[PDB]
Every structure is written in structure tokens, then in C-alpha cells.
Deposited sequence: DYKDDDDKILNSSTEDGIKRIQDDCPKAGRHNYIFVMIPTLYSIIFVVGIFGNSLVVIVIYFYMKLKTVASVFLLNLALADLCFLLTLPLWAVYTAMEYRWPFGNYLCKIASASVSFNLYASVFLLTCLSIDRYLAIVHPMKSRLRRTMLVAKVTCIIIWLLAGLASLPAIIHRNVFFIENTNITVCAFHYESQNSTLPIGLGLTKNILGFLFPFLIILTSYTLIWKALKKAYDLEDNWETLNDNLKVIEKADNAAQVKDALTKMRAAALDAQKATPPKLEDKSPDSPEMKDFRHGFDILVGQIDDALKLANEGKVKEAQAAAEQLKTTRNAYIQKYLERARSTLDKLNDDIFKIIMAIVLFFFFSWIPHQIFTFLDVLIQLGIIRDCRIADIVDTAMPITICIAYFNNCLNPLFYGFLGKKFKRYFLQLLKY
């Protein structure tokens, strides 16, 4: 009721600070990406379009700032009530589609490292068109409504009944197309990334154990340090053979263990000098069959060193963390619209926490630039 006025008077100032922070940071991001990076990779095109969508949304943000400040007294008219809400919904849809495409591109780049810039631009245009199409409900049904006989006007959503089933659809098309289907694609594209990293790390971790113990054999001539070092090498050779990133990889390690078994043979008798001679041959086998598969493991793990992967992970994680309040509360509204819940408290919590969730959901719009300078060590110099 009127008690909510005290908290809600601070909503417009949060909108204003978000607007200024975003309109500065995302503009800087645009100029940085276009100039110091020159859009030389596919990951740059998607991020630049994310920044452009942020610009487009933040341009129409201050209308809602005064709309909440004036306590729902939208004066800008119908031609802006039908475009500001459209801009908000389009921002949501375009941002989530761009994030899904970014995650798919990261998976393809670090799991399948095999002109795509033009393909990126085409996909970007398709994403913008699809987001504009999904913003059609705000294009059509959003309309200025005169409250009572007074002169108060609100950018109300006109559920014209007896010709529309949408009330169920709109609350669900957001929760499905804007958060659910994108989540499955992104989670799948990042679980597959983890599997490819785990296989690459296992080969690198086990081959390290071969390297350190190989150094131990040369430096020690105790006739038992060779046994201890060789035993840990054979166990590492077997483990690395199972870290599949086909016959060449298996045949490459079958000979490798055979040399360790040969070296372990004379370590038993006491021929220390002959022990490291057989262990020295391990380098020859490595350079032939294993080094080819050893560079890919480091190359794949080197993609985590890229600042792009750090930035995209931060952007994707925050977007779905900040949208989990509103998307959950949106589903609650959908259930309450069909009569599933008939609780005053449920209706009250949905109708009073939703103002905060919208601010929370679009809070990420002014935090995308802050993820560039925080994790983009290169971006700091710009």
C-alpha cells in the first residue's frame, strides 16, 4: 500500500545510476571493441552487439525512471508506451540469444578448434530480427490507459479478452524462450566444455608426473630411487592412456609403457647406469607419437588463459543469476492467473517483489562493462 512508497521512491534513483553507468561503460566497450580489437574474431562481434543492445535499452530506460518516480503516471503517450516496453522486452530476448550464441561459440572454439566473421554478422542480424519478433506483444498490446475518470495515464498491458489467449502465453513465452530454452543450450554447451577440459587436463597432469619422475632418475643413482621414480611413471603412463581427447594415441602409449617396463627390468637387478639409459628413450617416444597429442592438451587449456573466456563466463553467469528472481516470480504470476493459487500472501509477494526483480533483472545491463576492466587485463590499457 502506501508503505511501499518509501522504498519505491529510491527505485528511480537506482534506475538513473544504472542508466548513467551503462551509457558510459557500454559506450566505452563499443569504442574499445571497434578500435583496439578491430572485430578480428567472432567473439568480438557478439560482444559488440550485446553492447549495442545495452545502448538501445538504456536509451529508453529514463522513461521508466520518471514513470516509477511519478508513481505510474506515464505522460509520454501511446507512441512511446508501445516502444519503450518493446525496447525492454527486446533487450531481454536479444541479450539472452546473444549469450547463447556466445556460449555456443566458446564451445565450438575450445572443443572443435577448426570467414566465420561474416557468419557471425549474419547470425547477429538474425538474432536481432528474432528478438524484435519476440517483442511483438509489447508492440501490439501495450497501450496508454486512462485510470478511472481522472487524467492519470498508465502504460498498461491491454489483455483484450474474448480475442486473446495470450495472458497465459506472455508469462510463459518469457519464462521459456527467454530463460528456459536458452539455459539448456548454454548449460549443454558449457558442460561439454568441462568434459573437453577434463580430458585435456588429465593428459597434461599425468604427463607432468612422467616428466618430474624422469628428472628424478637422472639426478639419483641410489638403485632404489630409480625404482620409486619408474613405478610412478608407469602408473602415470597408464592413466594418461585413458585420457582420450584413435589408434595412434593408444599405440603411442603402448610403446611408452613398454620402455618403462624395460627400464624397470634392470632397476631390479641393480644396473643403475643402464636404468636411465632406457628411461632416456622416453623422450624419443614422446617426440614421435605423444607430442602431437600433447600440444592440443596445452592449447585447449590455454583458452582458459584468454580474457574472452573470463569475460563471457562472468557475463553469462550474472545474467542468469540476476534473472532468477524475476523469472521465478513471473512463473508464480502465470500460476496465479489460471487459479492454481488463491492466496492473498502469494498475490501480495508477487505484486510487491516484482518491482525489485525487474530492477535486479536489468541490473546486469550496467554491469557488463565492469566485467571487461575487471577481468580483461588487456582491456585495462585499451
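Sequence ranges 1-27, 142-146, 278-289, 427-433 have no coordinates in this entry (deposited sequence, numbered from 1, C-alpha basis).
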